[PDB]
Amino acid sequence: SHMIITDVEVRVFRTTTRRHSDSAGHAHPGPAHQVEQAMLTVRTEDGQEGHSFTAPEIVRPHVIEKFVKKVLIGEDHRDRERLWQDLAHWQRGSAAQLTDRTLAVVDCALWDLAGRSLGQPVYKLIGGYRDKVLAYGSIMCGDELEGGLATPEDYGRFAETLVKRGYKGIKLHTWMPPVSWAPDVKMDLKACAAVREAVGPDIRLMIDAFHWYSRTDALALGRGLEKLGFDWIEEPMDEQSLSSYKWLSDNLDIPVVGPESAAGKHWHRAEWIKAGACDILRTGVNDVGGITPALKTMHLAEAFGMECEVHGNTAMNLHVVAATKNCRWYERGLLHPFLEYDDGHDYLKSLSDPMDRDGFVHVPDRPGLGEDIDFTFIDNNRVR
């Protein structure tokens, strides 16, 4: 019974960061400050542990006591599919509180536990495809910070810095409310043009614009991007409208990648394929409720001969990318000229996603998700 789960624990601690979020949830660089971060730990009878990180609300006591502990405690930790399905079945009746984000952090901690228990990196446990992968530099949403990302030229200058670092692909997130004047298609296209001019024709370029443009605006944006040879347009319209995406994909030559934020996990993503609503599928550990359903999405896409680009940085996403073939990139970011991404997090002793000078991220040969957790730091900076 050494494999039986005995504890589900949450530790909230302060991390020091310059990352802030605006009222709509977009990240920007700001003053250094302390932000509450949560670590979920699952422990088995033999004392083995697995861990994963998320925002405190996602693993708050209401959710832990009412849902997570009831499913997990006393169960064989290796039954990840049964445990995931148990949580999935409880979402409908959860009064909107058992979210995909909660499923995701639980699933990740269980994968980390299995990997740590076996001394195996998660992607090797899944069945490895690649030990390294090209990353694209994923640039923060636009701002109104002088010399930051305030002008099209600012994007161009930052792109030059990213190319020098070794990135072979770059994705712009352009300007969104509450940026005072945003959004504006012509401005977004000017940023895209400045980047293409700055980096030349052989660096791959992508854009993730304001996520709720009208059909007419997204059409204008996409048509403008085709002149610049961009690789994809990402979430330019409200993803709750599958029909809008079929229409836009049919009208644009440039590949449309999606859905990123839409709910419904792998099930709903099958509908995007069935309806021809995108040319490249999207998934993400946080978007579909864990590594387990993210793998399902990757396989779904591959069966249709499609790529499925994995949304988000950090180990959990990197291991999905490393275990699968049909994905061009790991998403490395968000990035901003005021910040050095390689500084990492104060609660991790080393990067989960180090990138060489040629633009390849190498998956750390460390057990589980391979997050090099500074447990002492976390204990010294505990909130609750």
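So that there is no doubt, residue numbering starts at 1 and follows the sequence shown.
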Of the two stretches 255 to 263 and 68 to 76, which shows the higher Cα B-factor on average in the entry?
68 to 76
Which is higher on mean Cα B factor in this entry, 264 to 272 or 199 to 207?
199 to 207
Checking the entry, which one of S52, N317, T324, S352 has the top C-alpha B factor?
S352
Largest Cα B-factor, entry values, listed residues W84, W232, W181, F158
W181
Going by the recorded CA B-factors, say which third of the chain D238 sits in, lowest, middle or highest.
lowest
If you rank the chain by CA B-factor, which third does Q120 end up in: lowest, middle or highest?
highest
By the recorded C-alpha temperature factor, relative to the other modelled residues in its chain, which third is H336 in?
lowest
Chain third (lowest, middle, highest) by recorded CA B-factor, residue given as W329
lowest
How does the C-alpha B factor of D107 compare with the rest of the chain: lowest, middle or highest third?
lowest
